[PDB]
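next input, structure requested:
(chains A, B, C and D)
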Amino acid sequence: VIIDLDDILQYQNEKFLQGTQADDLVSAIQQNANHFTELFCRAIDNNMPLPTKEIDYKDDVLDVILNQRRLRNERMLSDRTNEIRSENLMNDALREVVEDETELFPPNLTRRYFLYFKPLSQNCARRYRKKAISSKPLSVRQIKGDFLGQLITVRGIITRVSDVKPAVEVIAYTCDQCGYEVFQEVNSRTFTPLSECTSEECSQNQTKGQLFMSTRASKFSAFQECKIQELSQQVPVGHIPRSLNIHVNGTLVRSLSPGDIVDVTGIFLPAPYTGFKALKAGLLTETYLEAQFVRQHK
Amino acid sequence: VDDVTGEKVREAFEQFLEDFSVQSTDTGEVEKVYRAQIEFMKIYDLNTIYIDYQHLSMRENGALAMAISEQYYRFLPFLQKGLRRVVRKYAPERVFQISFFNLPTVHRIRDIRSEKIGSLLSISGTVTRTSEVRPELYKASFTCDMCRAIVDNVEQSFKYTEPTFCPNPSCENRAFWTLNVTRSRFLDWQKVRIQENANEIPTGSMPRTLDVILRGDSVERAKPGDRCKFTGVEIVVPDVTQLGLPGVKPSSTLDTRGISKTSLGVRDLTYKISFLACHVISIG
Amino acid sequence: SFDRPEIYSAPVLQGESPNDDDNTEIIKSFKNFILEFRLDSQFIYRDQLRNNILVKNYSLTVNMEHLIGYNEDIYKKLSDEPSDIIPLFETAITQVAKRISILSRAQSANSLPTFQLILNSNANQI
Amino acid sequence: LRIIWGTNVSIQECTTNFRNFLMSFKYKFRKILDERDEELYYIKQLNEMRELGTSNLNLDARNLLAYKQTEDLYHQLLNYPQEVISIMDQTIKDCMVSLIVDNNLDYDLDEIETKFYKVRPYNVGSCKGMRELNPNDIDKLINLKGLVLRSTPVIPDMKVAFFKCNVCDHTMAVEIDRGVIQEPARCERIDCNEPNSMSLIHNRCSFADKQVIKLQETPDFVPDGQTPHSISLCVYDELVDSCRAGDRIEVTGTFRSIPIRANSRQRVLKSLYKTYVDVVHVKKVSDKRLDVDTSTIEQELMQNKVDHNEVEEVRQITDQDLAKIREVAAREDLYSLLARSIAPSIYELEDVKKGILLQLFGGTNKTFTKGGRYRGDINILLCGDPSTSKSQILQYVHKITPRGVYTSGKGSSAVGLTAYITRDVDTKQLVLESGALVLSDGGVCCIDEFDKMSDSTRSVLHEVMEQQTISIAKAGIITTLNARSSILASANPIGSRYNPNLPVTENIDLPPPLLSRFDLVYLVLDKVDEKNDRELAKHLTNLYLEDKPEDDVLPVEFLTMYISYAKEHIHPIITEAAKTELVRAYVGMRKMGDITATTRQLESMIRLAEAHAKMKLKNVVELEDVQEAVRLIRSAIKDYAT
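Residues are numbered from 1 along each chain as shown, chains lettered A, B, ... in the order given. What follows is the structure:
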């Protein structure tokens, strides 16, 4: 899913000229830019032409799993509304009682798509000057440590590209006694397997279960990274060029050959890491960049 | 059943050697070779035996020969204990080692599988990098500060597990202490690592190595740069470094669905094929 | 810097469930009691608690001698080890009561503590 | 409808549709081939399973394609391989019982039923390479190719555990689960009287067998900027020593990804799982396209592998083409037809291509009762001017050889051909690797720009050309070993054109006793004529014009099996009648004196003569066919006038 900034700015031109007032949204995204990922994407799942094609038998092994979790959600939803109307003492509250008495799959777990942002060109910014600060050919030397969380634009040379290998995100866990599925989200570098069970039904009982993970039910992600060397043209007269780490996730993988000239735009986030143990001054933040869009010269 | 069967193995083997030994006439040896085996050992007192596999293949028509040759690891104490009663019947400190020879079938390192453990298979090769003489304990005298600190006891096997749970001291099962380093019976051993023959190696393949320990009498019989034949027996040593091998790793997470409650001291295992022997002839 | 990890699940496969008459099994039995007892022309404890919320009683009255007429195993099981089965009752009380609080407010016009049972009898004045 | 949670299949719809295919085949795969014996395969193919008692049936992928039914069944195997195979094995085992009710006195009906049966499906597509594979494609069937580096030792794995206690020693046991082995608290007297401490003895328990093999692949249609890459795999019980190191094996398997521990201490598993191969069926057997390996090398495992039912490893010769082999054997012009049919790109060197042909019919492996060991190798250097496409010859030679090694100059060292001892990664040890000639052990090695070797490189060649051994005696291994090959190399002279009025021995930078050590040496030079040059551009444009490979019969695959059949069934004998002429011929060769002729040249002719007798199915020698064996040497000699 590709989102520009120009149709936003075109809409933001459009609303002021025809209606009273629009909240500013270009510079709103431009500041923090990380909370705008999922808070935007859950609004997408409100409206959807869902049954628009009968499923293909050879479509996707991912597709048959999400179709279950869509259906298993609704069949479990259809059960609880039967018992409550059968035990009475407008139906919105009757709907609302069903909402909180049943454990469900989260809507973050069945997505199947991805969303990448896109920076605005100066071209429409040339017509109406607005917050066009995100798109300038900036240097790694120009990266001061005050631009954290912003949306930026850098360029350089792709150097020492790694290999693409899957990154585990969430792990499924089969109970085998209570019959639930436990889910553990990991955002750290390493993690641990967890205890024997954490069900609500295995709980408050003497004999808890003993679990194990599963492969086909977990969600993975395409992962590969590389380093960008300085452009060697704006370097000061006696300096040596540095490098910078950029993580790449999802669709945009397998798109960057080494030794090129490319415009990389993204958002600037730290990673929890410090160097040697004795050299730690107490809060040492090691940074990186997350890739969002590739525009290659040549 | 199995208490009876290995004891039936014990008694039939006790029946076997106590019978006639060699069929041959006065032209040659007449009788009682295994009976002369102890009586000649009584002259020298070296406390071991040289018994044939071929004479054991004669009497029971291979029914008993195909009883021992599969699970010898099952049959350690039964072969030793009955022979001990054969000695005290005929003879008067006594410690024993059982040696075999004349194996009809000899294989190589490539003909070894995990289904061959406990069984007897003869392997020849190339001896390289002998090592020194070092002892082995197998007789722990280890009990707590409670009065009965005299437990001549377990860890005869391949485990450093000295204290038994149920003594009748004031000490409990959790009570454990060091071994008495002066009152035990030891034996020594060396550790050579044999290389495979060059007359059997296939294409594209280097010769292979394997560790083997000779305990007690069979020390110093080894020679680097020699061809030898071995005891058929085989053991397995626990390994460490086979991590991230990759593979589905076995574990020892014990049951918790037993005793009712109101942390996780579990372990894993990853071993390696080793080899053990007691008779080494050096033909070749 | 990240935030804390989270753990959630949901039971899907209804497997490995023998009727062992235990921790979760006993709790479901009393939902079959309060909503689903009815004596002659009247059900009482369901109509008792529907007043008690507007009263803000947060409590309940038990004829224990009535309970042997309903079921048989519960009465002797509570008789041996009551101290374990007493707190599990309160969960069966409130899960019914959580539904009724929604049925009260949303039909015709949050904070909900743990209730308390009161039992009485006149069998053996020991 | 009944359903399994992860899948979209059922037991009965899969089973009854599978029974449908097992009673219906009428060469439907040939209907796509358009036909250019019509009974179905699996009736007969289950019978050779039946009367022989041999297990492990196997099949391709395309048999589910041409059959109109079970087309839906085919993609089910692609997406859920673990469950689809097992359901087939039940009804195949039931299909065994469906045959046994016909004769009803068959093979002690219970126990042949009791034996485990399984299927090894293979040939399951070849779409894209390893690098392309997204993280979505976790468990699919993957066909890959390439070469084999090394072989780990046997890794055991417990399948049934073993437990005891101390008081009266009850000895119950338990098996491996999908992840662990669990154990109770109290055991003696059932679960009662809390008797004793639980024991575990790990030499009375059952096990399994596993082997790790690290592989390097050749992913044809490479991507851009692509480096070579190495992967590994995890063969099991029956496939133990089903592979050697250096073979060109196609590999059918399933992709996996499993976490790894950190620093052997804690339970914190690292993220970003390490991926590997979980193989299904092996193409260890020879391809029909390329050449077949000798039987003088495999004969250790031909002496083995009868004990366990395994793969065949040998290109099987059918029946109808045997007379067709005997049809081509009756051809008069075989001695001229065959060399022309080898390389249709270059129209020349008909004696030299014949030596390439006679390189493949090479010699009789004569070993004595003690000693002997006289191989069938012949070793040729060819040289001359560039723009000869000498490399294009060798690449075509490199494709045929089942264990071909193509080297070059100045990228080598003395250590660079043997004893590649280095550090291991995942087990983190010091592991010794086989070298280049051990990768050349059996087959043809290829060397370019031979004049620019060192002294130490090319000194290794003395041992192989004379003794056919390699002596390793440094810190890893002190033990000699043999590595037989067909050595062939090429170089270019000092002048880009060899000028006349100058000795041929002068203009090549070899020591001439080492130069004369070779079996036969060629020189290819340019001629100033005109007649073949009109034949030149008409031939070479025709290969380029009308973009299609098109008065000669060129059997592509007859010679492939013709050489392989002639390899084992022929041991040419060199009896008395040739010895009169041969000794008569050698002294007149020795008579030239004042390049030289040595005792290598005496051994040279007898290994080339019976090689020609290995052509055209002659187990004996004849006094004629010896003259052109001289003339092949004289083909060099009449080029040496100047």
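
show me what the helix or strand encompassing residue A:126 is packed against.
Secondary structure from DSSP states H and E places residue A:126 in helix A:122-127. Helix A:122-127 sits against helix A:6-18, with contacts defined as 3 or more Cβ pairs under 8 Å, 6 or more residues apart in numbering or on different chains; DSSP states H and E. Just so you know, the C-beta spots here come from the backbone N, C-alpha and C atoms, and that holds for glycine as well.

got phi/psi on residue A:207?
Dihedral angles of residue A:207 (phi, psi; degrees, to the nearest 10) stand at phi -100, psi 100.

ok, now which ones touch it?
The contact partners of residue A:207, taken as Cβ atoms under 8 Å, 6 or more residues apart in numbering or on different chains, are A:177, B:257.

quick revisit: and the helix holding residue A:126, how far out from the chain middle?
The chain centroid and the centroid of helix A:122-127 are separated by 29 Å, computed with Cα atoms, centre = their mean, to the nearest Å.

quick one: contacts of that helix?
Helix A:122-127 has contacts (Cβ under 8 Å, 6+ apart) with A:6, A:9, A:10, A:132, A:135.

around residue 250, count how many other residues there are.
By default, I'm working from chain A. Neighbour count of residue A:250, defined by other Cβ atoms under 10 Å in any protein chain shown: 15.

oops, I was thinking of chain B
Residues contacting residue B:250 under the criterion other Cβ under 10 Å number 19.

show me the contacts for it.
B:268, B:269, B:270, D:157, D:158, D:176, D:180, D:181.

excluding chain neighbours, what is closest to whatever residue of the stretch 151-300 of chain D ends up closest to chain B?
Going by Cβ to the nearest Cβ, chain B is nearest to residue D:207 of the stretch 151-300 of chain D, at 3.7 Å. Distances taken as Cβ to Cβ, 6 or more residues apart in numbering or on different chains place residue B:114 nearest to residue D:207, at 3.7 Å, with adjacent residues excluded.

same check, this time on residue D:296
Nearest residue to residue D:296, sequence neighbours excluded (Cβ to Cβ, 6+ apart): residue D:365, at 5.1 Å.

okay, now that neighbour: neighbour count?
17.

please apply the same query to residue D:231.
17.

which SSE is it in?
Assigned by DSSP H and E, residue D:231 belongs to strand D:230-233.

the stretch 51-200 of chain B: strands as residue ranges?
For the stretch 51-200 of chain B, the strands defined by DSSP state E, counting those that start in this stretch cover B:98-99, B:106-107, B:122-123, B:126-128, B:134-136, B:140-141, B:152-153, B:187-195.

chain center to the first one: distance?
Think strand B:98-99. 10 Å.

do I have it right that residue D:192 meets residue D:186?
Yes - using Cβ atoms under 8 Å, residue D:192 is in contact with residue D:186, at 7.1 Å.

who has more neighbours out of these two?
Under the neighbour definition other Cβ under 10 Å, residue D:192 and residue D:186 were set side by side, and residue D:186 has more, 17 against 9.

test my guess that that one contacts residue D:195.
Yes - contact status for residue D:186 versus residue D:195: in contact at 6.0 Å, counting by Cβ under 8 Å.

I'd say residue D:383 and residue D:490 touch.
Yes - applying Cβ under 8 Å, one finds residue D:383 in contact with residue D:490, separated by 6.1 Å.

okay, the residue nearest to residue D:296 and chain B: tell me how far apart.
Separation of residue D:365 from chain B (Cβ to the nearest Cβ, to the nearest Å): 14 Å.

and for residue D:88?
If you go by Cβ to the nearest Cβ, the gap between residue D:88 and chain B works out to 24 Å.

quick one, helices of chain C?
Counting by DSSP state H, chain C has helices at residues C:23-34, C:45-55, C:64-70, C:73-80, C:82-107.

and these as JSON lines, adding distance to chain A and mean neighbour count?
Shown next, in JSON lines, are the helices of chain C (distance: least, Cβ to the nearest Cβ, whole Å; neighbours: other Cβ atoms under 10 Å in any protein chain shown):
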{"stretch": "helix C:23-34", "distance to chain A": "3", "mean neighbour count": "15"}
{"stretch": "helix C:45-55", "distance to chain A": "7", "mean neighbour count": "14"}
{"stretch": "helix C:64-70", "distance to chain A": "18", "mean neighbour count": "13"}
{"stretch": "helix C:73-80", "distance to chain A": "15", "mean neighbour count": "13"}
{"stretch": "helix C:82-107", "distance to chain A": "3", "mean neighbour count": "15"}
